[PDB]
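Following: one structure in structure tokens, then a few remarks.
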Amino acid sequence: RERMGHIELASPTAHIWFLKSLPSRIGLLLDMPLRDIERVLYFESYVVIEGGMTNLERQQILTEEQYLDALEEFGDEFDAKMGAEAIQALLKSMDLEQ
Amino acid sequence: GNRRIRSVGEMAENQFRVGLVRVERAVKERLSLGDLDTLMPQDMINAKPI
Amino acid sequence: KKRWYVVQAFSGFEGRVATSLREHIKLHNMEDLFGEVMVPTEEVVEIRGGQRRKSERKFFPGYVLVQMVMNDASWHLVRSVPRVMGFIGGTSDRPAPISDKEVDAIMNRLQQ
Amino acid sequence: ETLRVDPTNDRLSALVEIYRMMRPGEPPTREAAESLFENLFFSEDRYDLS
RNA sequence: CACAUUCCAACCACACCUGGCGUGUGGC
DNA sequence: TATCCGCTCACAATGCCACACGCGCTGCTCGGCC
DNA sequence: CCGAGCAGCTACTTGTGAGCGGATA
Numbered sequence: 099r100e101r102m103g104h105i106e107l108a109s110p111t112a113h114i115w116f117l118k119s120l121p122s123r124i125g126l127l128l129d130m131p132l133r134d135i136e137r138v139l140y141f142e143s144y145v146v147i148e149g150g151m152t153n154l155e156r157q158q159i160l161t162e163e164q165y166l167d168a169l170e171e172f173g174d175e176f177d178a179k180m181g182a183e184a185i186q187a188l189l190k191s192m193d194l195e196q
Numbered sequence: 449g450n451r452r453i454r455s456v457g458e459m460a461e462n463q464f465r466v467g468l469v470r471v472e473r474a475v476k477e478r479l480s481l482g483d484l485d486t487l488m489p490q491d492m493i494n495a496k497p498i
Numbered sequence: 006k007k008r009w010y011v012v013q014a015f016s017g018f019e020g021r022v023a024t025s026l027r028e029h030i031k032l033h034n035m036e037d038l039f040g041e042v043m044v045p046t047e048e049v050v051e052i053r054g055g056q057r058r059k060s061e062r063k064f065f066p067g068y069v070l071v072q073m074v075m076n077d078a079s080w081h082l083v084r085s086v087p088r089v090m091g092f093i094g095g096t097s098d099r100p101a102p103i104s105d106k107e108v109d110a111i112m113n114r115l116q117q
Numbered sequence: 349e350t351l352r353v354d355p356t357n358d359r360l361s362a363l364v365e366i367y368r369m370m371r372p373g374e375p376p377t378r379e380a381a382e383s384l385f386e387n388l389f390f391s392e393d394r395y396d397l398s
């Protein structure tokens, strides 16, 4: 009645409750419109991470063309991941007090 | 005058057509390879959907 | 250029969708726009033994990636044939094909 | 008013716009889009006014 | 020598059953 | 650039009781240190 | 080849509240 198990998902996934709350938690926390987060979640666009010296904004989203045309500008420091893993990296790389 | 009444016959004919469109798609995809002198008009039709 | 785009079909009907799209290509005589099916199910993995040593030409994900030239008519043709539920690719509806590295990778999987 | 709010003027852009309105994305040419508009309302297989 | 258990006259233990879910109908 | 207006989506809509019934066929895919 | 479990074959509700553009000063 009480012993439980678990599943080790190979790819970390998002929790649909925190994404479809209206207002969703990530939609307000990550100061990003829910449409773009849904775009990143279903793997039809890219979102950049760790901008730094690149010309792009670190939280900006990109499409596939917007990624291939901009990859030639920077390929070593500019990285745009594309899956609940991206928003997980966004969460882990976010400060609370600042 | 604006509300129409349908009997068992009309609903039965409708469902017969719903099954017939599935069997139609089936016989159309099966006819994509059937040629002359290789099949009777019996094997391409199945009883299942209708 | 004949690029290698990826297409997903109904679960199990991968080879059937492959032959259907081949018959559709041979139908509208559009061979100059497409290549071949390139069915990646080269997984001859089998189980042998007492009177049972047959092979299994299966055991692969449901992907029937086809070499073809991306175009409006080509896309509408490969989508007009039924059982083509999946057209993978991050895009509105016009995706980017696979690169030559994965081409050689799946070629090695074909040869092994 | 419906004319001055009409974004498209010719017949071909009307067809592709109504296709985009029916099916999300999938932007065809004018001749490819017309198939939908001619098959949904004027084809006897998908319109069966008795 | 030590740790740890000991398999058989009535009988105690070896009992007792489908709302998972939906649909249809009827009543208050 | 703020801010009211128009379009779009989530959520709700007794309670009980009684009876009856249901989820198929062909096809496809995965199952295995003696 | 054998067995076991699982997949393909929508619109008369209306109202309320909240959110997302959007267009007007």
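Chains as they are written, first to last, in the deposited numbering: chain A, 99 to 196; chain B, 449 to 498; chain C, 6 to 117; chain D, 349 to 398. Just so you know, even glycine gets a beta-carbon here, dropped at the ideal spot from N, CA and C.
> Name the residues in the segment 449 to 483 of chain B whose C-beta lies less than 8 Å from a C-beta of chain C; which are they?
Replying inline: Per Cβ criterion, the list reads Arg473, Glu477, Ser480, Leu481.
> Listed in chain order, which residues of the segment 95 to 110 of chain C have Cβ atoms closer than 9 Å to some Cβ of chain D?
Replying inline: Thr96, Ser97, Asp98, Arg99
> What is the C-beta distance between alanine 112 of chain A and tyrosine 144 of chain A, in whole angstroms, given that I count them as a contact (C-beta under 8 Å)?
Replying inline: Stepping through the first sequence from its first residue, residue 112 of chain A is reached at position 14. Stepping through the first sequence from its first residue, residue 144 of chain A is reached at position 46. That pair is no contact at about 16 Å.
>> Once the 5 residues before and after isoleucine 111 of chain C are set aside, which same chain residues still bring their CB inside 6 Å of it?
In response: In the third sequence, the residue the question calls residue 111 of chain C occupies position 106. Only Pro45 meet the Cβ criterion.
> Measuring CB to CB, does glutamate 19 of chain C end up less than 7 Å from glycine 67 of chain C?
Replying inline: Numbered from its first residue, the third sequence carries residue 19 of chain C at position 14. Numbered from its first residue, the third sequence carries residue 67 of chain C at position 62. The answer is yes: Cβ separation under 7 Å.
> In terms of residue numbering, what span does the beta strand (DSSP E) encompassing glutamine 116 of chain C cover?
Replying inline: Taking the first residue of the third sequence as position 1, residue 116 of chain C is located at position 111. Per DSSP, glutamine 116 of chain C belongs to no beta strand (DSSP E); it is in the alpha helix (DSSP H), 105 to 116.
> Taking the DSSP output, what are the residues bridged to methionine 35 of chain C?
Replying inline: Your numbering for residue 35 of chain C matches position 30 in the third sequence. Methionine 35 of chain C pairs with nothing; no bridge assigned.
> Are the C-beta atoms of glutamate 19 of chain C and some chain B residue less than 7 Å apart?
Replying inline: Counting from 1 along the third sequence, the entry for residue 19 of chain C is found at position 14. No, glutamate 19 of chain C does not count as interfacial toward chain B.
> For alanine 495 of chain B, does the count of other Cβ atoms within 10 angstroms reach 16, so buried, or fall short, so exposed?
Replying inline: For the purposes of this step, residue 495 of chain B is taken as residue 47 along the second sequence, with counting starting at 1. Burial call: exposed.
> Can you tell me whether DSSP reads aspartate 396 of chain D as helix, strand or coil?
Replying inline: As a working mapping, residue 396 of chain D is identified with position 48 in the fourth sequence. Taken through DSSP and simplified to helix, strand or coil, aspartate 396 of chain D comes out as coil.
> With 7 Å set as the bound, which would you pick, yes or no: does the beta-carbon of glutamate 28 of chain C sit closer than that to a beta-carbon of chain B?
Replying inline: As a working note, residue 28 of chain C is residue 23 in the third sequence. By this cut-off, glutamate 28 of chain C is an interface position.
>> For chain C, check one thing: does any of its Cβ atoms lie closer than 7 Å to the Cβ of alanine 381 of chain D?
In response: Locating residue 381 of chain D in the fourth sequence gives position 33, counting from the first residue. False, the Cβ-Cβ gap to chain C never drops below 7 Å.
> If you draw a straight line from the alpha carbon of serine 16 of chain C to that of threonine 350 of chain D, how long is it in whole angstroms?
Replying inline: Counting from one through the third sequence, the residue named residue 16 of chain C turns up at place 11. Counting from one through the fourth sequence, the residue named residue 350 of chain D turns up at place 2. Each residue's Cα considered, the two are about 46 Å apart.
>> Taking 7 Å as the threshold (beta carbon to beta carbon), is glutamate 170 of chain A in contact with chain C?
In response: Translated into the one-based positions of the first sequence, residue 170 of chain A becomes position 72. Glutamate 170 of chain A does not count as touching chain C.
>> Once the 5 residues before and after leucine 363 of chain D are set aside, which same chain residues still bring their CB inside 7 Å of it?
In response: Taking the first residue of the fourth sequence as position 1, residue 363 of chain D is located at position 15. For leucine 363 of chain D, where only same-chain residues beyond five positions count, the Cβ hits under 7 Å are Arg378, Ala381, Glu382, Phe385.
>> Can you list, in chain order, the residues of its chain with a C-beta nearer than 6 Å to that of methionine 492 of chain B? Leave out the 5 residues immediately preceding and following it.
In response: The residue you call residue 492 of chain B lines up with position 44 of the second sequence. Excluding residues within five positions, the ones whose Cβ falls inside 6 Å are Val475, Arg478.
>> Below 8 Å, how does it come out for the segment 135 to 144 of chain A and the segment 461 to 475 of chain B: are there three or more Cβ pairs, yes or no?
In response: As far as the Cβ criterion goes, the segment 135 to 144 of chain A does not touch the segment 461 to 475 of chain B, which means the pair count is below three.
> alpha helix (DSSP H) containing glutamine 72 of chain C: first to last residue?
Replying inline: Here the question's residue 72 of chain C lines up with position 67 in the third sequence. No alpha helix (DSSP H) holds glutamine 72 of chain C; the beta strand (DSSP E) holding it covers 71 to 73.
>> Taking the alpha-carbon of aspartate 98 of chain C as reference, which of C:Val71, C:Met75, C:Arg114 has the nearest alpha-carbon?
In response: Here residue 98 of chain C is taken as the residue at index 93 of the third sequence, counted from 1. Looking at the Cα atoms, C:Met75 is the closest of the given residues.
> Is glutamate 51 of chain C near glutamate 61 of chain C, with beta carbons less than 7 Å apart?
Replying inline: Reading the third sequence from its first residue, position 46 is the one you call residue 51 of chain C. Reading the third sequence from its first residue, position 56 is the one you call residue 61 of chain C. Contact: yes.
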